[PDB]
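Engineer: model the following, please.
(chains A and B)
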Amino acid sequence: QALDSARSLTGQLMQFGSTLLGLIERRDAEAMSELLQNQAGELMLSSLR
Amino acid sequence: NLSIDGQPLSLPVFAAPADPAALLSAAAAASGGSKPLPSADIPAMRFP
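Structural biologist: Numbers count the residues shown, from 1 in each chain, chains lettered A, B, ... in the order given. Okay, here it is:
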């Protein structure tokens, strides 16, 4: 029974780890998506100039 | 200060044009308070 009680929380931490890797990956995509737009704006200034 | 054809002997009055203004928009972090905990009451089921 204690084995099943431990297996429940280790599966729950598997769920937490998958969710955390999804959030890290998605934050890390959004930061690049914002970096590209800042670069596009400061490049558009040079093209207009 | 003209010539005999009426053409100006001076160089014309130059004017360097203005640089294009960089656009800038308002950016604000979202603001929001946490939600307080609901009230408590003892249930009918035991803790396990």
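
Engineer: and for the closest residue to chain B within chain A, nearest residue in space, chain neighbours not counted?
Structural biologist: For chain A and chain B, the shortest gap (CB to the nearest CB) falls at residue A:48, measuring 4.7 Å. (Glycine included, C-beta is placed from N, CA and C.) Distance criterion CB to CB, 6 or more residues apart in numbering or on different chains; nearest residue to residue A:48, sequence neighbours excluded, is residue B:20 at 4.7 Å.

Engineer: can you tell me which residues contact that neighbour?
Structural biologist: A:45, A:48, A:49 (CB atoms under 8 Å, 6 or more residues apart in numbering or on different chains).

Engineer: go again with 10 Å.
Structural biologist: A:44, A:45, A:47, A:48, A:49 (CB atoms under 10 Å, 6 or more residues apart in numbering or on different chains).

Engineer: I figured the last one hits residue B:21, correct?
Structural biologist: To tie it back to what came earlier, the one meant is residue A:49. No. Here residue A:49 does not reach residue B:21: they are 11.1 Å apart, not a contact under CB atoms under 10 Å.

Engineer: okay, and the common contacts of these two?
Structural biologist: Contact with both residue A:49 and residue B:21 is made by no residue, according to CB under 10 Å, 6+ apart.

Engineer: restricted to helices, list the contacts of residue B:20.
Structural biologist: Per DSSP state H, helices hold the following members of these: A:44, A:45, A:47, A:48.

Engineer: thanks a lot, catch you later.
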